[PDB]
file target.txt (compact mmCIF, C-alpha atoms and all ligand atoms)
# COMPACT_ATOMS: atom_id res chain seq x y z
CA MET A 1 -109.59 -0.47 -148.64
CA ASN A 2 -109.49 2.92 -146.92
CA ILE A 3 -111.81 5.12 -144.84
CA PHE A 4 -113.85 6.21 -147.85
CA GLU A 5 -114.53 2.64 -149.01
CA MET A 6 -115.22 1.55 -145.42
CA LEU A 7 -117.73 4.33 -144.68
CA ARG A 8 -119.37 3.92 -148.11
CA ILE A 9 -120.21 0.36 -147.03
CA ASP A 10 -121.41 1.33 -143.54
CA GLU A 11 -123.42 4.44 -144.56
CA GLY A 12 -124.68 3.73 -148.10
CA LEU A 13 -125.58 6.38 -150.68
CA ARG A 14 -128.95 8.11 -150.89
CA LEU A 15 -129.56 11.15 -153.05
CA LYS A 16 -132.70 12.46 -151.34
CA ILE A 17 -133.27 13.40 -147.70
CA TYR A 18 -133.84 10.33 -145.51
CA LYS A 19 -133.93 9.48 -141.81
CA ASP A 20 -130.86 7.83 -140.27
CA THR A 21 -130.91 5.01 -137.71
CA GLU A 22 -131.71 7.52 -134.94
CA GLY A 23 -134.56 9.09 -136.92
CA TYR A 24 -132.59 12.19 -137.98
CA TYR A 25 -132.74 13.87 -141.38
CA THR A 26 -129.68 12.86 -143.37
CA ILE A 27 -128.51 12.80 -146.99
CA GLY A 28 -125.80 11.41 -149.24
CA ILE A 29 -123.24 9.21 -147.51
CA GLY A 30 -124.35 9.61 -143.90
CA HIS A 31 -124.32 13.42 -143.88
CA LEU A 32 -126.42 14.38 -140.83
CA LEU A 33 -128.45 17.50 -141.65
CA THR A 34 -130.20 18.21 -138.35
CA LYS A 35 -131.66 16.66 -135.22
CA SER A 36 -134.77 18.80 -135.74
CA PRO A 37 -138.06 16.96 -136.46
CA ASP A 38 -138.96 19.72 -138.95
CA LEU A 39 -138.24 18.65 -142.54
CA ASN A 40 -138.11 22.31 -143.57
CA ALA A 41 -135.26 22.76 -141.09
CA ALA A 42 -133.41 19.93 -142.84
CA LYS A 43 -134.05 21.34 -146.30
CA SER A 44 -132.56 24.68 -145.19
CA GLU A 45 -129.46 23.00 -143.79
CA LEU A 46 -129.10 21.12 -147.08
CA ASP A 47 -129.28 24.25 -149.23
CA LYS A 48 -126.73 25.89 -146.92
CA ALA A 49 -124.35 22.92 -147.19
CA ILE A 50 -124.57 22.65 -150.98
CA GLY A 51 -124.90 26.34 -151.80
CA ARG A 52 -127.99 26.08 -153.98
CA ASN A 53 -131.71 25.44 -153.63
CA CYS A 54 -131.80 21.63 -153.65
CA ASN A 55 -135.36 20.99 -152.58
CA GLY A 56 -134.20 17.89 -150.71
CA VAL A 57 -132.31 16.23 -153.58
CA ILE A 58 -128.61 16.21 -154.56
CA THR A 59 -126.36 14.65 -157.19
CA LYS A 60 -123.80 11.86 -156.66
CA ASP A 61 -121.02 14.38 -157.16
CA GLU A 62 -122.45 16.63 -154.47
CA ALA A 63 -122.83 13.61 -152.19
CA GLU A 64 -119.17 12.70 -152.68
CA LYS A 65 -118.09 16.27 -152.00
CA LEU A 66 -119.99 16.37 -148.68
CA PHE A 67 -118.51 12.97 -147.88
CA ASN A 68 -114.97 14.24 -148.45
CA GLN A 69 -115.61 17.29 -146.25
CA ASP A 70 -117.16 15.17 -143.51
CA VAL A 71 -114.29 12.66 -143.43
CA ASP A 72 -111.81 15.50 -143.31
CA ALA A 73 -113.79 17.12 -140.48
CA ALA A 74 -113.84 13.86 -138.48
CA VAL A 75 -110.07 13.46 -138.77
CA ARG A 76 -109.36 17.08 -137.79
CA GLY A 77 -111.70 16.70 -134.83
CA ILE A 78 -109.71 13.74 -133.56
CA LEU A 79 -106.41 15.60 -133.96
CA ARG A 80 -107.76 18.65 -132.09
CA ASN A 81 -109.08 16.51 -129.24
CA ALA A 82 -106.51 16.12 -126.44
CA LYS A 83 -108.10 12.85 -125.31
CA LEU A 84 -108.36 11.27 -128.75
CA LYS A 85 -105.19 12.43 -130.48
CA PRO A 86 -102.71 10.34 -128.44
CA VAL A 87 -104.79 7.18 -128.86
CA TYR A 88 -105.28 7.82 -132.60
CA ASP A 89 -101.56 8.48 -133.11
CA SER A 90 -100.73 5.21 -131.29
CA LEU A 91 -102.74 3.17 -133.81
CA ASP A 92 -101.74 1.56 -137.10
CA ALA A 93 -103.34 2.79 -140.34
CA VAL A 94 -106.12 0.19 -140.54
CA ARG A 95 -107.15 0.78 -136.92
CA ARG A 96 -107.04 4.54 -137.55
CA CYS A 97 -109.80 3.93 -140.11
CA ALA A 98 -111.89 2.22 -137.44
CA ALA A 99 -111.34 5.27 -135.22
CA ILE A 100 -112.47 7.70 -137.91
CA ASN A 101 -115.51 5.50 -138.60
CA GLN A 102 -116.56 5.81 -134.95
CA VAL A 103 -116.22 9.60 -134.84
CA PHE A 104 -118.02 9.90 -138.18
CA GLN A 105 -120.99 8.02 -136.73
CA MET A 106 -120.96 9.21 -133.12
CA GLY A 107 -119.22 12.58 -133.07
CA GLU A 108 -116.98 13.12 -130.06
CA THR A 109 -119.54 13.76 -127.32
CA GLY A 110 -118.96 10.15 -126.23
CA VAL A 111 -115.25 10.57 -125.43
CA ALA A 112 -115.69 10.49 -121.64
CA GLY A 113 -117.84 7.36 -121.91
CA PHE A 114 -115.34 5.43 -124.04
CA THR A 115 -112.41 6.35 -121.73
CA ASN A 116 -111.76 2.72 -120.72
CA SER A 117 -111.96 1.44 -124.30
CA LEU A 118 -109.56 4.16 -125.45
CA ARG A 119 -107.03 3.25 -122.77
CA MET A 120 -107.16 -0.43 -123.79
CA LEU A 121 -106.71 0.55 -127.44
CA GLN A 122 -103.62 2.65 -126.63
CA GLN A 123 -102.31 -0.29 -124.55
CA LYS A 124 -102.86 -2.47 -127.63
CA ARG A 125 -104.94 -4.95 -125.62
CA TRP A 126 -107.09 -5.69 -128.65
CA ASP A 127 -109.36 -8.49 -127.36
CA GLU A 128 -110.03 -6.66 -124.08
CA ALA A 129 -110.75 -3.44 -126.00
CA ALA A 130 -113.13 -5.26 -128.34
CA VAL A 131 -115.09 -6.74 -125.44
CA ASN A 132 -115.23 -3.33 -123.72
CA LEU A 133 -116.35 -1.55 -126.89
CA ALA A 134 -119.31 -3.92 -127.24
CA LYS A 135 -120.57 -2.87 -123.79
CA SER A 136 -122.22 0.20 -125.24
CA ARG A 137 -125.42 1.75 -126.52
CA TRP A 138 -123.45 2.06 -129.77
CA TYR A 139 -123.08 -1.71 -130.10
CA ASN A 140 -126.63 -2.42 -128.97
CA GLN A 141 -128.30 0.07 -131.34
CA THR A 142 -126.21 -0.71 -134.45
CA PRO A 143 -124.75 -4.16 -133.81
CA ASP A 144 -123.90 -5.20 -137.40
CA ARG A 145 -121.92 -2.04 -138.13
CA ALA A 146 -120.42 -1.91 -134.62
CA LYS A 147 -119.30 -5.54 -135.01
CA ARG A 148 -117.51 -4.64 -138.25
CA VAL A 149 -115.73 -1.68 -136.64
CA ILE A 150 -114.82 -3.58 -133.47
CA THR A 151 -113.44 -6.48 -135.55
CA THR A 152 -111.33 -3.93 -137.37
CA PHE A 153 -110.00 -2.62 -134.03
CA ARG A 154 -109.43 -6.15 -132.79
CA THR A 155 -107.53 -7.49 -135.82
CA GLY A 156 -106.10 -4.51 -137.66
CA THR A 157 -107.31 -6.15 -140.89
CA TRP A 158 -110.16 -5.52 -143.34
CA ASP A 159 -111.62 -9.02 -142.84
CA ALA A 160 -114.99 -7.64 -141.71
CA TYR A 161 -115.39 -5.63 -144.92
CL CL B 201 -120.60 22.31 -147.06
CL CL B 202 -114.60 -4.74 -120.30

call {"tool": "encode", "arguments": {"input": "target.txt", "output": "structure tokens"}}
result
Amino acid sequence: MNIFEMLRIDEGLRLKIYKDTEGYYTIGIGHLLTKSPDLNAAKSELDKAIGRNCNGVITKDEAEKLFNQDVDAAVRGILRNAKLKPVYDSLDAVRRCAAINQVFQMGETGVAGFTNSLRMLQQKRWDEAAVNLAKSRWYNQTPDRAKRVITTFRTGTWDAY
């Protein structure tokens, strides 16, 4: 198990434009296209991302390429973020996967909000962190997935997957 296998399980694979859990146009393995309610806006973003006129449909290969780019982007984002980088670097490899999973789903606009959780993670107070992480809109809106990620932070094992 690794971040690709983990996110494949959490995000699924869909080859035509669909709406994610927040109602946003998405494709492939959790590739967010746009927050716009206009489907034409999403189709444009898709063509731009893939570099051809897709008409809302892609291949598995294209889906895996976007997935690779998106994972790479999530990691680089963490490493460029002065708040996230020291916590990330303090973690073991399995817990680093949980961290990338979060950023992949949430982006990093929630950094200030998860300040207390992040401190507990860097302190390696795993049970306290896990309890704190569940006190979130994130947990309440996607509890099954959040439970899997939190368990991964708590244990440093792949037991939830
Ligand atoms: Cl792209
Ligand atoms: Cl708490």

call {"tool": "residues_near_ligand", "arguments": {"input": "target.txt", "ligand": "ligand CL 202 (chain B)", "cutoff": "9 Å", "atoms": "all atoms listed in the file", "output": "JSON, numbers by chain"}}
result
{"A": [116, 117, 128, 129, 130, 131, 132, 133, 134, 135]}

call {"tool": "closest_residue", "arguments": {"input": "target.txt", "among": "A:51, A:86, A:110, A:30", "to": "residue 64 (chain A)", "atoms": "all atoms listed in the file"}}
result
A:30

call {"tool": "residues_around", "arguments": {"input": "target.txt", "residues": "residue 27 (chain A)", "least_positions_apart": "4", "cutoff": "10 Å", "atoms": "all atoms listed in the file", "output": "PyMOL selection string"}}
result
chain A and resi 12-20+31-33+42+46+56-58+63+66

call {"tool": "residues_near_ligand", "arguments": {"input": "target.txt", "ligand": "ligand CL 201 (chain B)", "cutoff": "10 Å", "atoms": "all atoms listed in the file", "output": "tab-separated table (two decimals) with C-alpha atoms, in the frame of the given file"}}
result
chain	number	residue	atom	x	y	z
A	45	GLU	CA	-129.46	23.00	-143.79
A	46	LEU	CA	-129.10	21.12	-147.08
A	47	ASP	CA	-129.28	24.25	-149.23
A	48	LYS	CA	-126.73	25.89	-146.92
A	49	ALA	CA	-124.35	22.92	-147.19
A	50	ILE	CA	-124.57	22.65	-150.98
A	51	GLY	CA	-124.90	26.34	-151.80
A	62	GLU	CA	-122.45	16.63	-154.47
A	65	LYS	CA	-118.09	16.27	-152.00
A	66	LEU	CA	-119.99	16.37	-148.68
A	67	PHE	CA	-118.51	12.97	-147.88
A	68	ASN	CA	-114.97	14.24	-148.45
A	69	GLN	CA	-115.61	17.29	-146.25
A	70	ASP	CA	-117.16	15.17	-143.51

call {"tool": "closest_residue", "arguments": {"input": "target.txt", "among": "A:43, A:35, A:52, A:154", "to": "residue 99 (chain A)", "atoms": "only C-alpha atoms"}}
result
A:154

call {"tool": "closest_residue", "arguments": {"input": "target.txt", "among": "A:101, A:34, A:122, A:40", "to": "residue 9 (chain A)", "atoms": "all atoms listed in the file"}}
result
A:101

call {"tool": "atom_distance", "arguments": {"input": "target.txt", "atom1": "CA of residue 138 (chain A)", "atom2": "CA of residue 150 (chain A)"}}
result
11.0 Å

call {"tool": "residues_near_point", "arguments": {"input": "target.txt", "point": "(-102.4, 6.2, -126.1)", "cutoff": "12 Å", "atoms": "only C-alpha atoms", "output": "JSON, numbers by chain"}}
result
{"A": [82, 83, 84, 85, 86, 87, 88, 89, 90, 91, 92, 115, 116, 117, 118, 119, 120, 121, 122, 123, 124, 125]}

call {"tool": "atom_distance", "arguments": {"input": "target.txt", "atom1": "CA of residue 21 (chain A)", "atom2": "CA of residue 126 (chain A)"}}
result
27.6 Å

call {"tool": "atom_distance", "arguments": {"input": "target.txt", "atom1": "CA of residue 145 (chain A)", "atom2": "CA of residue 98 (chain A)"}}
result
10.9 Å

call {"tool": "closest_residue", "arguments": {"input": "target.txt", "among": "A:105, A:8, A:127, A:114", "to": "residue 151 (chain A)", "atoms": "all atoms listed in the file"}}
result
A:127
